[PDB]
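Protein chains in written order, with PDB author numbering: chain O, 151 to 200; chain N, 151 to 200.
All C-beta atoms in this analysis are idealised placements derived from N, C-alpha and C, irrespective of residue type, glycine included.
Notes follow once the structure below has been shown.
2 protein chains.
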Amino acid sequence: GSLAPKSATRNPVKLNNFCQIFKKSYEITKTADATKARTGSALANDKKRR
Amino acid sequence: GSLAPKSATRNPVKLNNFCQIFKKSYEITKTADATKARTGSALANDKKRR
């Protein structure tokens, strides 16, 4: 024959993260582009590697 | 040609237990009840927790 008890409660936990910028670059001189060499064109191989 | 023997007996054992009273409660203001929250309605979450 007593009274009702006191109430209690809790809260969730917050989590977060960030976004990151990525960059990769390739470069070739115009003379080397026109120059014909074995192992194919240098620009395409550089693009593949990068 | 002998008489009947004297008798003997015994009794069981008794066990008992009690009853307990359990109470949990929740409470919220009517202002916070009508407010918008990203995590959802506070009353429903509190009822779930309790």
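Nearest to residue i (by Cα), restricted to the options the options
{"i": "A194/N", "options": "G151/O, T159/O and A154/O", "result": "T159/O"}
{"i": "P155/O", "options": "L165/N, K164/N and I171/N", "result": "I171/N"}
Min CB distance residue i to chain O below 8 angstroms
{"i": "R199/N", "result": "yes"}
{"i": "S157/N", "result": "no"}
{"i": "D196/N", "result": "yes"}
{"i": "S175/N", "result": "yes"}
{"i": "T185/N", "result": "no"}
Check whether residue i and residue j have beta carbons under 8 angstroms apart
{"i": "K173/N", "j": "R200/N", "result": "no"}
{"i": "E177/N", "j": "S157/O", "result": "yes"}
{"i": "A192/O", "j": "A182/O", "result": "yes"}
{"i": "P162/O", "j": "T179/N", "result": "no"}
Test: residue i CB closer than 8 angstroms to a CB of chain N
{"i": "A192/O", "result": "no"}
{"i": "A154/O", "result": "yes"}
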